[PDB]
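Engineer: Structure provided below as structure tokens; questions to follow.
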Amino acid sequence: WXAXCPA
Amino acid sequence: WXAXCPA
Amino acid sequence: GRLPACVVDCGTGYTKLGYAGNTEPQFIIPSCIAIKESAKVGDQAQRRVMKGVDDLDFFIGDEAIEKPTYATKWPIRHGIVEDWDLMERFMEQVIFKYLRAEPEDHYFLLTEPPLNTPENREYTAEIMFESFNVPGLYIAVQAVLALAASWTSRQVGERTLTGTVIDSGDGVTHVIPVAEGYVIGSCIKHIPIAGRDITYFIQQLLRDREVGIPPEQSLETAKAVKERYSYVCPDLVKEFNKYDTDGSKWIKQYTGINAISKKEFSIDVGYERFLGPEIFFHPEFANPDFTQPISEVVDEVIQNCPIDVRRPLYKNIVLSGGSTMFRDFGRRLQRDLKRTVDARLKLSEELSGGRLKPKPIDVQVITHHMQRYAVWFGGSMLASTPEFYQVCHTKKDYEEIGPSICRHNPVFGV
Amino acid sequence: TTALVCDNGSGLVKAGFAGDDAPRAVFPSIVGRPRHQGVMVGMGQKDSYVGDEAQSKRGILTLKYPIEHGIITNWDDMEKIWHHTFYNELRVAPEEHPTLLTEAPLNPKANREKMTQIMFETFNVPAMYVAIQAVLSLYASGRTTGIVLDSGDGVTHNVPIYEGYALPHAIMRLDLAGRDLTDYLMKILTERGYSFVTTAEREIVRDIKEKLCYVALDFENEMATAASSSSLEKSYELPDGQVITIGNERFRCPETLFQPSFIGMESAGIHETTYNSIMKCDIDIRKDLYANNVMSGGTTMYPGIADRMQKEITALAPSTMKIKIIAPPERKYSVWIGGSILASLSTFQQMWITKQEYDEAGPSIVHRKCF
Amino acid sequence: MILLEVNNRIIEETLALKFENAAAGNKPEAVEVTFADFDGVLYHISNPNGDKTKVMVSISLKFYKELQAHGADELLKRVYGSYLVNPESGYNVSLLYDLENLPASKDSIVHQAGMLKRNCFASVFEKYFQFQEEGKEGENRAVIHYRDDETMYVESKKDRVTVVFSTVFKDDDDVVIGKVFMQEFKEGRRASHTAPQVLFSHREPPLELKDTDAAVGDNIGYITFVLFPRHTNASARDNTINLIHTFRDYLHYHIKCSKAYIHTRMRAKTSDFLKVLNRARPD
Ligand SMILES: Nc1ncnc2c1ncn2[C@@H]1O[C@H](COP(=O)(O)OP(=O)(O)O)[C@@H](O)[C@H]1O
Ligand SMILES: Nc1ncnc2c1ncn2[C@@H]1O[C@H](COP(=O)(O)OP(=O)(O)O)[C@@H](O)[C@H]1O
Ligand SMILES: [Mg+2]
Ligand SMILES: [Mg+2]
């Protein structure tokens with residue numbers, strides 16, 4: 001992901 | 001170590 | 001009708017020479033170089049400064065040995081070179097007289113030991129680009145050339161890139177593994193002992209164990225090693241007592257010819273038939289600093305690389321190099337490696353029980369031709385590849401960036 | 001004449017023709033590059049060995065997964081894998097046939113728009129579509145009502161469904177998946193005495209888990225029986241020949257699915273999430289959802305998982321009805337089978353998205369196409 | 001080496017290695033090697049077919065067409081006897097040795113084969129000298145440009161012969177060095193008694209080359225050697241031919257030798273500079 005978690 | 005690396 | 005490039009394998013010992021796209025190195029000559037030096041005393045502020053044309057008044061090659069008024073001075077010493085002016089003189093002499101190749105319209109590939117410092121490579125490349133004006137240049141380690149030459153042993157069509165090579169040399173023998181074209185940089189070790197100090201030990205022992213030879217013709221006497229005169233020995237003391245017990249049939253004799261008075265001189269052959277070649281697995285005899293065997297070094301270097309590559313590597317060990325010509329070398333190395341690896345496997349299995357039985361690790365040593373020279377064919381295939389003409393560093397690269405283009409090394413990176 | 005269905009799985013890629021009952025190409029999503037100097041110049045060197053080969057020569061490469069937890073991170077790697085699968089393996093030009101793509105629910109719209117734009121621009125495919133793995137799982141299972149447990153390698157999600165309609169407001173997506181299990185397995189294998197760090201040993205541990213892992217009906221009882229460790233330990237043969245003995249780790253890592261607190265995630269297990277999702281649905285459809293529970297994905301092949309899930313759901317749910325778990329033995333390729341069946345449907349021949357309408361409208365069209 | 005040799009020692013060495021074991025039974029020793037020498041010409045040694053009893057040598061002369069047009073019937077029987085056969089590789093002279101027949105001589109034949117390039121090159125110069133010697137009407141001047149972009153021209157009139165050289169230098173580094181080298185060529189005469197006149201010209205090409213389409217440009221010098229019978233008779237012909245043919249590589253090699261000489265001198269001076277510097281460190 002972009003915010004929260006990686007991906 | 002025992003498996004992987006020496007120690 | 002494109003001109004072939006030029007293949008050269010410089011080194012401390014007999015320098016290989018010839019052209020690409022050929023199946024035999026035409027010229028194989030020592031590194032001996034003559035010079036018109038004599039006895040001046042001012043030798044550290046004018047080494048030579050030969051007046052007039054006397055600077056080039058020097059021979060080269062096998063013809064340079066039989067000139068008893070100059071100085072035979074080897075420029076190379078186990079890779080590292082102190083003064084490279086002699087190297088440049090030798091290079092010009094060879095390219096012109098022997099090769100007869102115009103540098104401005106030819107490509108030169110050169111080989112250096114892996115331990116060669118970046119400075120030497122940079123400055124030799126600068127010298128080449130400045131004087132010879134060679135359009136292209138390329139320098140690479142000799143291990144891959146040996147691996148490529150090893151394909152001729154059997155099943156050339158069967159591509160086999162993995163393996164490892166332990167090459168010999170007049171002053172260096174190195175260990176380098178290959179993992180499907182890509183070698184490991186950190187898993188390389190340099191061995192100082194080589195096929196020269198062995199002869200030093202041979203002559204040192206002979207000068208006391210026997211008499212009847214002249215001081216001048218010593219090395220020719222010490223070259224019984226290159227003959228059938230050295231066999232390796234699974235055991236040391238056993239053969240020692242074998243000789244000290246019978247000492248009649250196992251002893252050989254020498255019938256060399258003097259090069260001055262043409263008077264025959266003979267000496268017997270003793271314990272040196274095996275001790276010399278045995279020094280490889282017991283380097284402590286000659287070099288006190290390096291008290292470390294070879295086979296265990298091989299297993300250690302093969303055990304410092306990823307798991308997936310350990311298995312195929314042990315299966316492919318190439319017998320290439322002059323110092324490896326000794327008989328039964330492969331048997332000893334294979335047996336020692338098998339013993340140590342089996343012991344390691346048994347120790348690993350002991351700690352964790354199980355009724356299983358892992359398939360035994362297979363270690364095989366391959367004996368083939370090309371052992372004396374395994375770098376020349378690699379260079380020939382290097383030149384024959386069109387991609388070589390594209391990877392080779394160009395003139396403009398050296399024009400302003402400098403000679404740093406040749407500074408690439410396989411054990412460096414930032 | 002036919003269409004191609006490609007499933008960009010978080011850890012594996014499935015592709016094949018529309019109509020076949022089995023995929024024609026099954027290789028992991030690996031895009032590896034050499035780590036060493038690039039020294040050799042003879043016979044075969046390539047700048048980026050990405051694909052099936054990568055697994056064979058993984059010992060000198062820095063393997064990196066292009067897709068992470070269902071969301072693409074490197075577009076160059078994904079385009080490279082797409083090109084490889086289309087040309088080297090399938091050997092079918094994109095123009096000849098259309099392509100079908102699937103993705104997990106609750107994914108960012110940016111990924112969908114970029115994928116559609118790249119597919120329409122680079123390969124100029126005549127038409128394509130975007131769907132959901134769970135609905136294709138339903139199609140493969142030949143059922144119209146149930147709850148999907150699509151526990152893939154990167155994402156686990158559920159989507160309640162009813163006859164002829166879905167419930168988009170009761171969709172739960174959990175980041176926990178096979179990769180976290182592999183990381184935890186590596187961590188515990190370290191506590192045993194065996195160390196594994198690089199990606200090659202990551203693949204080795206993945207294989208080990210695939211071969212010697214199972215779920216435990218009761219955690220405490222299994223731990224006690226492990227205290228009497230004389231019948232549970234098993235041995236595995238490494239490529240180098242070393243033998244590794246695995247005991248409690250066989251049934252410890254799978255329990256992370258039911259106990260996310262092991263990794264430190266403040267969430268709930270798959271059973272709790274499914275219970276919450278079903279409860280959020282209408283009362284009447286709860287009976288049907290309980291009576292039908294479809295599961296799919298490569299993370300749900302552990303023996304005994306179905307029994308444990310059934311026991312947990314029955315314990316949580318009221319003990320007055322019957323709960324049934326359906327575990328087909330081919331759940332690995334259920335998504336691909338469903339995609340193929342959907343493509344074969346006559347009515348779907350018009351739902352595709354063609355180049356003309358895409359160009360005139362824009363990338364936003366796919367957003368309104370079946371959500 | 002000071003005077004560049006004309007005998008390629010590669011053929012000498014390989015033929016010596018082959019013949020020293022010739023009297024050892026049915027010993028084929030299949031050979032297939034490709035070489036290269038000055039003037040940008042490629043050699044080739046390879047058996048004609050599976051029959052290894054015959055070894056063949058060939059050339060890839062750049063200006064071969066001029067030689068064929070002129071006709072070298074003299075060279076087909078004087079130096080080379082019956083062991084010369086029609087060209088195979090690229091329409092260029094190729095010879096072979098018949099091993100089945102006994103080879104009586106060992107050194108003479110090897111030496112004769114060693115000078116193949118000059119042996120074929122002489123076919124034009126010696127014939128022009130014969131034309132001017134025989135009293136035949138002065139044969140038409142000819143221009144012979146070899147692999148190098150430069151050109152060679154010769155005029156054979158009565159009472160004397162002429163030769164002019166065109167020089168081209170590729171790298172900018174060596175242009176000035178070669179200019180300096182050839183500047184003093186036209187003047188050094190205090191140690192030669194029976195030697196020809198020498199002159200250098202770069203700005204103004206000689207009037208002889210105006211009509212001829214020889215090397216014409218801006219950064220091209222010219223060298224002419226005047227020829228007279230006192231140094232072009234039947235006795236001093238081979239030496240002059242060898243000197244002129246080996247002129248180009250001679251200049252090149254001595255340029256490199258001068259470069260090495262200056263390198264050595266500067267290396268020597270560095271020691272003096274360091275000695276001067278060492279005055280700064282304390283006792
Ligand atoms: N048949 C042989 N028996 C024993 N030693 C040999 C034999 N051939 C070569 N050698 C030794 O190996 C050395 C040459 O190996 P080589 O690698 O070709 O030198 P370099 O390192 O310059 O390439 C020689 O010093 C020689 O003593
Ligand atoms: N036989 C197996 N046993 C346990 N896990 C498996 C098995 N085969 C695959 N897996 C796991 O399931 C994953 C396969 O990817 P997958 O679950 O199908 O994600 P997706 O559903 O998006 O294709 C792998 O990460 C692997 O860890
Ligand atoms: Mg060597
Ligand atoms: Mg999935």
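All residue names refer to the structure tokens as shown: chains lettered A, B, ... in order, residues numbered from 1 in each chain, ligands numbered from 1 in order.
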Excluding residue 229 of chain C and its own-chain neighbours fewer than 6 positions away, which residues fall within 9 Å of it when counting only C-alpha atoms? Please give them as JSON, numbers by chain.
Structural biologist: {"C": [252, 269, 272, 273, 274]}
Engineer: Mind dumping the selected residues with N, CA, C and O atoms as a short mmCIF file (atom, residue, chain, number, x, y, z; two decimals), in the first residue's frame?
Structural biologist:
```cif
data_model
loop_
_atom_site.label_atom_id
_atom_site.label_comp_id
_atom_site.auth_asym_id
_atom_site.auth_seq_id
_atom_site.Cartn_x
_atom_site.Cartn_y
_atom_site.Cartn_z
N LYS C 252 66.81 -43.72 -9.54
CA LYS C 252 67.06 -43.47 -10.95
C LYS C 252 68.36 -42.69 -11.11
O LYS C 252 69.00 -42.28 -10.13
N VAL C 269 69.03 -40.15 -8.56
CA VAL C 269 67.75 -39.53 -8.24
C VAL C 269 67.25 -40.13 -6.94
O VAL C 269 67.20 -41.36 -6.79
N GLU C 272 63.58 -36.72 -3.96
CA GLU C 272 62.91 -35.60 -4.62
C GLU C 272 61.92 -36.05 -5.68
O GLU C 272 61.18 -35.21 -6.21
N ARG C 273 61.88 -37.34 -6.01
CA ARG C 273 60.93 -37.82 -7.00
C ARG C 273 59.49 -37.55 -6.60
O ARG C 273 58.61 -37.51 -7.47
N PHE C 274 59.21 -37.37 -5.31
CA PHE C 274 57.84 -37.20 -4.85
C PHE C 274 57.68 -36.00 -3.92
O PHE C 274 56.59 -35.42 -3.85
#
```
Engineer: What's the 9 Å shell around segment 227-236 of chain E, counting only C-alpha atoms, without same-chain residues fewer than 6 positions away, as a list in words?
Structural biologist: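 After dropping sequence-adjacent residues, the list is residues 129, 133, 159, 160, 161, 162, 163, 194, 195, 196 and 197 of chain E.
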Engineer: Restricting the calculation to only C-alpha atoms, which member of D:255, D:249, D:191, D:76 is positioned closest to residue 2 of chain B?
Structural biologist: D:191
Engineer: Hey, which residues come within 6 Å of ligand 1 if we count only C-alpha atoms and all ligand atoms? Could you give them as a list in words?
Structural biologist: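 Based on only C-alpha atoms and all ligand atoms, ligand 1 is surrounded within 6 Å by residues 11, 12, 13, 14, 15, 168, 169, 170, 195, 196, 225, 226, 321, 322, 323 and 325 of chain C.
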Engineer: Go through the chains and note each residue within 12 Å of ligand 3, using only C-alpha atoms and all ligand atoms, then give the set as JSON, numbers by chain.
Structural biologist: {"C": [9, 10, 11, 12, 13, 14, 15, 16, 30, 31, 76, 77, 78, 79, 111, 112, 113, 114, 141, 142, 143, 146, 166, 167, 168, 169, 170, 171, 172, 173, 174, 194, 195, 196, 320, 321, 322, 323, 324, 371, 372, 373, 374, 375, 376]}
Engineer: Fewer than 2 positions away in the same chain doesn't count, so skip those; otherwise give me all residues within 12 Å of residue 4 of chain B, counting only C-alpha atoms, as JSON, numbers by chain.
Structural biologist: {"B": [1, 2, 6, 7], "C": [303, 304, 305, 306, 307, 348], "D": [189, 190, 193, 194, 195, 196, 197, 198, 201, 238, 240, 242, 243, 244]}
Engineer: Keeping N, CA, C and O atoms, export the residues of the selection given above as a compact mmCIF listing (two decimals), in the first residue's frame.
Structural biologist:
```
# COMPACT_ATOMS: atom_id res chain seq x y z
N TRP B 1 26.30 -22.12 13.81
CA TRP B 1 25.03 -22.82 13.77
C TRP B 1 25.16 -24.27 13.47
O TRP B 1 26.26 -24.75 13.32
N UNK B 2 24.07 -25.03 13.35
CA UNK B 2 24.23 -26.43 13.01
C UNK B 2 23.92 -26.50 11.57
O UNK B 2 24.60 -27.15 10.82
N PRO B 6 28.39 -21.53 10.04
CA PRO B 6 29.20 -22.44 10.86
C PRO B 6 28.69 -22.46 12.28
O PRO B 6 27.87 -23.29 12.60
N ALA B 7 29.18 -21.52 13.17
CA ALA B 7 28.59 -21.65 14.54
C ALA B 7 27.33 -22.44 14.58
O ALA B 7 27.24 -23.40 15.33
N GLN C 303 32.42 -24.37 0.18
CA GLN C 303 31.44 -24.35 1.26
C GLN C 303 31.08 -22.94 1.70
O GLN C 303 30.32 -22.78 2.66
N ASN C 304 31.60 -21.92 1.03
CA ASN C 304 31.30 -20.53 1.34
C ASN C 304 30.42 -19.88 0.28
O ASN C 304 30.41 -18.65 0.15
N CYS C 305 29.69 -20.68 -0.48
CA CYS C 305 28.82 -20.22 -1.55
C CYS C 305 27.44 -20.82 -1.37
O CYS C 305 27.27 -21.80 -0.63
N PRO C 306 26.41 -20.25 -2.02
CA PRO C 306 25.03 -20.69 -1.78
C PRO C 306 24.83 -22.20 -1.86
O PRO C 306 25.63 -22.92 -2.46
N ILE C 307 23.75 -22.68 -1.24
CA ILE C 307 23.49 -24.11 -1.17
C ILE C 307 23.28 -24.70 -2.55
O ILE C 307 23.84 -25.75 -2.89
N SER C 348 26.98 -34.24 10.41
CA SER C 348 25.69 -33.56 10.34
C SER C 348 24.54 -34.52 10.63
O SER C 348 23.55 -34.14 11.26
N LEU D 189 12.14 -21.78 12.57
CA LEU D 189 13.25 -22.64 12.18
C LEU D 189 14.56 -22.09 12.72
O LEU D 189 15.48 -22.86 13.03
N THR D 190 14.67 -20.77 12.84
CA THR D 190 15.82 -20.19 13.52
C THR D 190 15.86 -20.60 14.99
O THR D 190 16.94 -20.92 15.51
N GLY D 193 17.34 -24.07 15.38
CA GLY D 193 18.76 -24.17 15.13
C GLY D 193 19.14 -24.09 13.67
O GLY D 193 20.33 -24.15 13.35
N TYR D 194 18.16 -23.96 12.78
CA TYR D 194 18.42 -23.87 11.35
C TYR D 194 18.14 -22.45 10.87
O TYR D 194 17.08 -21.89 11.14
N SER D 195 19.10 -21.87 10.14
CA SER D 195 19.05 -20.48 9.72
C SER D 195 18.80 -20.40 8.22
O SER D 195 19.41 -21.15 7.44
N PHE D 196 17.91 -19.49 7.82
CA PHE D 196 17.58 -19.26 6.42
C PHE D 196 17.23 -17.79 6.25
O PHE D 196 16.33 -17.30 6.93
N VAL D 197 17.94 -17.10 5.36
CA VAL D 197 17.77 -15.66 5.21
C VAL D 197 17.45 -15.28 3.77
O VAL D 197 16.44 -14.62 3.50
N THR D 198 18.30 -15.69 2.83
CA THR D 198 18.17 -15.23 1.46
C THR D 198 16.93 -15.85 0.79
O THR D 198 16.24 -16.69 1.36
N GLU D 201 16.78 -19.83 0.09
CA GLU D 201 16.28 -20.55 1.25
C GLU D 201 14.82 -20.21 1.54
O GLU D 201 14.12 -21.02 2.15
N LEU D 238 17.69 -31.77 2.35
CA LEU D 238 18.04 -30.54 1.67
C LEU D 238 18.82 -30.83 0.39
O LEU D 238 19.35 -31.92 0.21
N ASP D 240 21.74 -29.89 -0.50
CA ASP D 240 23.13 -30.22 -0.19
C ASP D 240 23.28 -31.59 0.46
O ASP D 240 24.41 -32.06 0.59
N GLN D 242 22.07 -32.24 3.62
CA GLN D 242 21.81 -32.10 5.04
C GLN D 242 20.36 -32.48 5.35
O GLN D 242 19.45 -32.23 4.56
N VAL D 243 20.16 -33.09 6.52
CA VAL D 243 18.85 -33.55 6.96
C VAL D 243 18.40 -32.65 8.10
O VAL D 243 19.15 -32.41 9.05
N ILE D 244 17.17 -32.15 8.00
CA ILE D 244 16.57 -31.27 9.00
C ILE D 244 15.39 -31.99 9.63
O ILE D 244 14.53 -32.53 8.91
```
Engineer: Within 8 Å of segment 83-88 of chain E, counting only C-alpha atoms, which residues qualify if same-chain residues fewer than 5 places away don't, as a list in words?
Structural biologist: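 Those residues are residues 58, 76, 93, 94, 95, 96, 97 and 98 of chain E.
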Engineer: Could the residues in this selection be saved with N, CA, C and O atoms as an mmCIF file, in the first residue's frame?
Structural biologist:
```
data_model
loop_
_atom_site.group_PDB
_atom_site.id
_atom_site.type_symbol
_atom_site.label_atom_id
_atom_site.label_comp_id
_atom_site.auth_asym_id
_atom_site.auth_seq_id
_atom_site.Cartn_x
_atom_site.Cartn_y
_atom_site.Cartn_z
ATOM 1 N N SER E 58 48.591 -19.899 -48.781
ATOM 2 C CA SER E 58 47.877 -18.967 -49.640
ATOM 3 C C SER E 58 48.091 -17.546 -49.141
ATOM 4 O O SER E 58 48.576 -17.316 -48.030
ATOM 5 N N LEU E 76 56.744 -17.698 -61.701
ATOM 6 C CA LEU E 76 56.162 -19.035 -61.688
ATOM 7 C C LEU E 76 57.193 -20.139 -61.885
ATOM 8 O O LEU E 76 56.865 -21.310 -61.665
ATOM 9 N N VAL E 93 47.613 -16.028 -55.246
ATOM 10 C CA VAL E 93 48.608 -17.080 -55.419
ATOM 11 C C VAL E 93 48.641 -17.965 -54.184
ATOM 12 O O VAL E 93 48.700 -17.478 -53.051
ATOM 13 N N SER E 94 48.597 -19.277 -54.407
ATOM 14 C CA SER E 94 48.653 -20.260 -53.334
ATOM 15 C C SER E 94 49.543 -21.410 -53.774
ATOM 16 O O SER E 94 49.418 -21.897 -54.901
ATOM 17 N N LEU E 95 50.429 -21.843 -52.883
ATOM 18 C CA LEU E 95 51.361 -22.927 -53.151
ATOM 19 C C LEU E 95 51.085 -24.083 -52.200
ATOM 20 O O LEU E 95 50.348 -23.953 -51.219
ATOM 21 N N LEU E 96 51.691 -25.230 -52.502
ATOM 22 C CA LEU E 96 51.558 -26.408 -51.657
ATOM 23 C C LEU E 96 52.818 -27.252 -51.773
ATOM 24 O O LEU E 96 53.521 -27.209 -52.785
ATOM 25 N N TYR E 97 53.090 -28.026 -50.726
ATOM 26 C CA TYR E 97 54.245 -28.911 -50.668
ATOM 27 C C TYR E 97 53.781 -30.348 -50.864
ATOM 28 O O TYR E 97 52.834 -30.794 -50.207
ATOM 29 N N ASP E 98 54.446 -31.067 -51.764
ATOM 30 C CA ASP E 98 54.129 -32.468 -52.034
ATOM 31 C C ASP E 98 54.985 -33.330 -51.113
ATOM 32 O O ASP E 98 56.171 -33.548 -51.371
#
```
